[PDB]
Amino acid sequence: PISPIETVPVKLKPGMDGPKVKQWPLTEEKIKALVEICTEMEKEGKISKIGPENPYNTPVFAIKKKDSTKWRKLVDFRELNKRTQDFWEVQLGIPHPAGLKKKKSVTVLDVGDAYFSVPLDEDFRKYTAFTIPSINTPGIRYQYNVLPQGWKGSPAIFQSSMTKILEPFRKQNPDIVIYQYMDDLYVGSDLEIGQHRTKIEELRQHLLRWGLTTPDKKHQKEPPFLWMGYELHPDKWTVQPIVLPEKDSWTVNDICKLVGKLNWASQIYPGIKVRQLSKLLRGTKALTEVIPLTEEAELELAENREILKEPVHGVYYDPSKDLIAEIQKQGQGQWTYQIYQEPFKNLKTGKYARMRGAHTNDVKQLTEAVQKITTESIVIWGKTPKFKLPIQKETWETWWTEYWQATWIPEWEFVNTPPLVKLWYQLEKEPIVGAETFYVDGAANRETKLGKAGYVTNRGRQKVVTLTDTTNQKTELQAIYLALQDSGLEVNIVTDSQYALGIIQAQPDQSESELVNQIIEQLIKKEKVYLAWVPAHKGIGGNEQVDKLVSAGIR
Amino acid sequence: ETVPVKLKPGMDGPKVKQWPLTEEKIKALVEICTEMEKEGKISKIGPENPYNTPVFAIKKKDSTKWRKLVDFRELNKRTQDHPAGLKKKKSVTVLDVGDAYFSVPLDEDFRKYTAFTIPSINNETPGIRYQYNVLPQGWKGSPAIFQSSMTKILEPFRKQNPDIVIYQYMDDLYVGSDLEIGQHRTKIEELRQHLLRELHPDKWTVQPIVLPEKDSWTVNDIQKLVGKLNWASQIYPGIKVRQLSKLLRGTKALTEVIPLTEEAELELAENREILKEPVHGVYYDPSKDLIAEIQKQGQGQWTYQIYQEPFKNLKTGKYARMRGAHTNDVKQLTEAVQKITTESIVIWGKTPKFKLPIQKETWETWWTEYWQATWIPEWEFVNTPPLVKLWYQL
DNA sequence: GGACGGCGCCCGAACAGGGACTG
DNA sequence: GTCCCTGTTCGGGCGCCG
Ligand SMILES: Cc1cn([C@H]2C=C[C@@H](COP(=O)(O)OP(=O)(O)OP(=O)(O)O)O2)c(=O)[nH]c1=O
Ligand SMILES: *P(=O)(O)OC[C@@H]1C=C[C@H](n2cc(C)c(=O)[nH]c2=O)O1
Ligand SMILES: [Mg+2]
Ligand SMILES: [Mg+2]
Ligand SMILES: [Mg+2]
């Protein structure tokens with residue numbers, strides 16, 4: 001039937017009108033499906049026959065449902081959706097099984113023809129006009145009186161209406177938990193099974209009073225419950241399996257599918273990696289372009305396939321116990337983690353592999369993985385976990401002392417599982433006695449892009465390298481790189497580039513620049529580097545000489 | 001009867017998404033909003049209202065009470081459009097008079113822009129949405145629309161205490177006086193009773209630029225000094241590095257010891273003098289934004305500058321926590337932001353826009369865990385150059 | 001086949017700032 | 001100013017849910 005809830009008022013955007021779009025040819029199977037659906041909806045007042053006063057139309061079709069025995073009527077409301085007012089969506093996220101607590105009794109039930117039970121604003125109804133074509137016999141015209149499928153207002157208006165409808169029941173029953181995901185209700189309680197079932201009947205009669213049927217066909221009463229794509233057993237949850245494509249030629253679309261499925265799997269499978277497969281999509285043309293799997297992507301995909309051949313499950317949240325998050329490092333800026341309470345019983349798992357910034361190191365990436373996990377934990381469990389990290393306390397101490405930014409990690413304990421996260425070199429705080437002093441500089445001509453990089457040294461050595469198709473910033477980095485190549489294990493370098501100083505000072509070990517990577521390799525080789533700054537073009541000695549040298553061809 | 005209010009011309013309302021809340025904060029918000037709804041102060045709304053403004057809660061120190069806080073920064077930006085003695089009083093107390101605002105209705109057409117959404121743990125339910133019916137705490141329009149009632153309430157207390165300085169900034173009264181702290185608190189309780197109807201600003205000091213003292217100077221020491229003085233000359237044109245720089249001719253080792261000439265010594269002593277004088281020609285502009293920059297000096301030390309034009313600092317200071325056996329950079333930065341904002345409010349009546357030296361994500365993950373004010377300043381995230389940290393270091 | 005809303009991931013386009021440079 | 005380099009947001013594919 002139709003809910004007697006008040007309708008949600010909706011308008012079009014200012015100065016716009018309803019859709020006028022011709023119905024396209026449907027196949028006869030879908031014409032019969034739609035005809036049967038529509039004669040029944042019309043008998044029920046969910047749709048109304050319209051006449052010629054209704055100038056509007058928008059195309060209709062139908063598809064199979066999850067239950068392949070049933071059809072679903074859909075409308076291509078893209079034009080009306082364009083012309084409809086904005087909404088604030090109320091679905092803020094996706095509930096996750098690792099956030100469920102142990103309940104004595106559990107029921108999962110579904111609303112029958114949920115949208116078609118919620119009334120639509122009368123003033124808006126005329127814009128929902130559609131046409132059923134005949135197997136010629138004339139074709140019938142209709143409009144909606146309930147929420148249509150394909151309209152952009154329907155999901156939020158339904159989620160809000162469901163919430164209003166559940167409010168009196170939730171108030172009368174504060175201690176029955178109802179996870180409400182669009183129209184699917186997970187219901188848990190600390191009652192014995194008989195009293196739980198009685199409460200479920202009260203909930204069903206409450207919904208029926210408000211127009212929502214709960215067909216027994218979708219009333220799950222026994223574990224494992226099918227919920228949100230998972231199987232909920234009494235003490236563990238599993239994910240319904242992930243079939244990766246097993247193709248030989250791979251298109252961009254094939255790789256998007258693979259990466260999406262791996263990401264989905266990483267919530268419970270430890271160690272999933274998508275770095276190579278994802279970078280394999282850089283600068284692609286279109287979904288149909290054929291990418292060749294690089295050998296790195298080959299290996300990564302193989303590791304993931306082996307990972308996915310394994311049996312795995314989650315457990316439920318016990319709020320009387322701490323949440324523990326343990327992070328592990330793999331290369332190329334990739335991390336995995338497990339969140340658990342008891343030692344070998346994951347609540348869930350995850351991966352973090354986002355590349356932030358042209359240049360970075362492993363301590364930064366660990367800090368941002370910790371941040372990602374913290375906010376995910378707050379969403380799922382409403383509290384922050386205690387961390388177990390592969391980084392020595394002294395490494396972190398050194399970094400937080402040296403690093404000029406505010407940075408912090410919550411309560412954490414060191415975990416001795418390699419690869420340990422470390423800083424790979426450390427700049428000196430003071431100039432080095434006995435180490436040669438290089439004054440470096442670079443100039444570049446903005447018109448010709450020709451440049452020079454070089455050094456003079458206090459021990460009388462000078463070198464200038466010419467560069468093509470370069471920039472001032474690149475010549476400053478090149479001068480530093482050159483001083484590094486031509487110096488001993490200990491070296492003082494004076495630059496005038498606060499660009500280069502700002503990069504090297506933050507101690508990167510990864511970069512997207514080949515030149516900065518070469519510099520990092522040199523820095524790791526050295527025993528001691530001291531890198532000072534002076535202001536350019538102020539005549540400070542040493543700097544003056546090298547500036548004169550590298551300016552010759554360029555300025 | 002309400003006061004019709006409008007957005008600035010050509011501006012739509014706020015559409016800011018709600019960020020994740022801890023269980024504690026959600027439970028406190030749900031209780032507070034239940035009571036507010038049952039008193040008519042707010043109403044449940046639906047998704048057909050396209051507006052949203054984030055909401056959280058803060059539990060004040062040693063207090064069992066939570067306080068709801070709406071982040072009205074966006075809506076305050078879009079909403080249509082000072083006692084010099086306050087910064088001088090011996091002591092200043094800050095009273096939270098925001099509750100008063102719930103006595104005044106809000107213009108019906110404006111209510112839709114005050115929409116906010118309570119989340120749920122693990123997305124058990126869709127968000128639950130409300131709008132205001134009364135003057136909201138945290139909204140620019142509340143102290144404005146209420147100012148006449150506030151002045152009528154305060155008139156007699158002010159007449160009976162002409163030496164007291166009372167200042168309103170949106171949810172707070174700042175009450176300043178020159179009393180022994182016991183008599184001061186007695187008068188503050190007189191006011192808190194009257195309203196049934198601790199700072200010490202004269203101790204805030206300025207943190208000057210300072211130059212090293214040495215009996216031996218290397219090429220490195222002098223290079224560092226010359227760069228710092230070159231930077232400082234943009235604030236003080238009197239600074240000169242001619243002779244100090246003269247000592248650096250040639251291509252020398254960084255650790256070579258350079259003896260300071262007479263000329264260079266006099267240049268250094270003169271620069272030490274010039275860094276004492278106040279920055280000339282710096283006049284507060286009410287129509288402009290206050291910019292606050294913060295630098296982490298390390299070891300619990302933080303420096304800051306408040307300006308409106310580059311190098312025209314209105315104030316420079318430091319916030320210096322202690323040793324830090326278990327130190328929290330984000331906590332200390334949040335505390336520094338609140339202290340600096342408090343000073344700005346007292347001195348100029350504005351809050352500053354903060355250039356925060358932190359990664360956006362670190363800050364947004366943790367700052368509400370250390371917040372204690374009823375206002376929130378605007379801010380932005382910067383990757384500071386370590387050079388300016390060295391320039392202001394003490 | 002194909003319509004909708006949510007969240008996630010990844011990437012590139014279109015911005016926004018700030019530092020160095022030219023004669 | 002221009003050029004360069006870096007960061008952020010947002011839209012478009014795909015994954016998952018209903
Ligand atoms: C799966 C799905 C769903 N929906 C909308 C419509 C109804 C609600 C609930 O989905 P549903 O339970 O499968 O369909 P429903 O109309 O309730 O009919 P039943 O088969 O459950 O009786 O979400 C949609 O618009 N597109 C979709 O693909
Ligand atoms: P919506 O009503 O689409 O929710 C999905 C619904 C709940 C369970 C049910 N279901 C049944 C079966 C037999 C299955 O294999 N998967 C599945 O999701 O569909
Ligand atoms: Mg259903
Ligand atoms: Mg359903
Ligand atoms: Mg240079």
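Naming convention: chains lettered A, B, ... in sequence-line order (proteins, then strands); numbering from 1 in each chain.
Remark: A:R72 is not in phosphate contact with C:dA3, judged by side-chain N or O atoms under 4.0 Å from OP1 or OP2. Residue A:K279 places none of its side-chain N or O atoms closer than 4.0 Å to OP1 or OP2 of C:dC9. For A:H96, no side-chain nitrogen or oxygen approaches OP1 or OP2 of C:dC7 to under 4.0 Å. Residue A:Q91 places none of its side-chain N or O atoms closer than 4.0 Å to OP1 or OP2 of D:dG18. The shortest distance between the side-chain N/O atoms of A:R446 and the OP1/OP2 oxygens of D:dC3 is not below 4.0 Å. Put simply, A:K152 has no side-chain N or O that comes within less than 4.0 Å of OP1 or OP2 on C:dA3. Using a 4.0 Å cut-off, no side-chain N or O of A:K257 falls inside it from OP1 or OP2 of D:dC16. Residue B:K355 places at least one side-chain N or O closer than 4.0 Å to OP1 or OP2 of C:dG18. Considering only side-chain N and O atoms, A:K449 lies under 4.0 angstrom from the phosphate OP1 or OP2 of D:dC4. Within the structure, a side-chain polar atom (N or O) of A:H537 is placed less than 4.0 Å from OP1 or OP2 of C:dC21.
The only member of A:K65, A:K70, A:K73, A:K218 that meets salt bridge (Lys or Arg N to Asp or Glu O under 4.0 Å) when paired with A:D113 is A:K65.
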Test log, rule ring pair (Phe, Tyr, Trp, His ring centres under 6.0 Å), inputs A:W264 and A:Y230 = CA-CA 12 Å; A:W264 176 247; A:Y230 314 91; 5.8 Å; yes

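Pair assignment for D:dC16: C:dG6, on the basis of Watson-Crick or G-U wobble contacts that are both within less than 3.5 Å. Figure legend. C:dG1 is base-paired to no nucleotide; pairs are counted as Watson-Crick or G-U wobble with both atom distances under 3.5 Å.
Comparing atom distances between the A:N81 side chain and each of D:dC14, C:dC4, D:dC17 picks out C:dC4 as nearest. Candidate nucleotides D:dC4, D:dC3, D:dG18 were compared by shortest atom distance to the side chain of A:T471, and D:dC4 ranks first.
Evaluation of A:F158 against the base of D:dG18 yields no stacking contact (centre distance < 5.5 Å, interplanar angle < 30° required).
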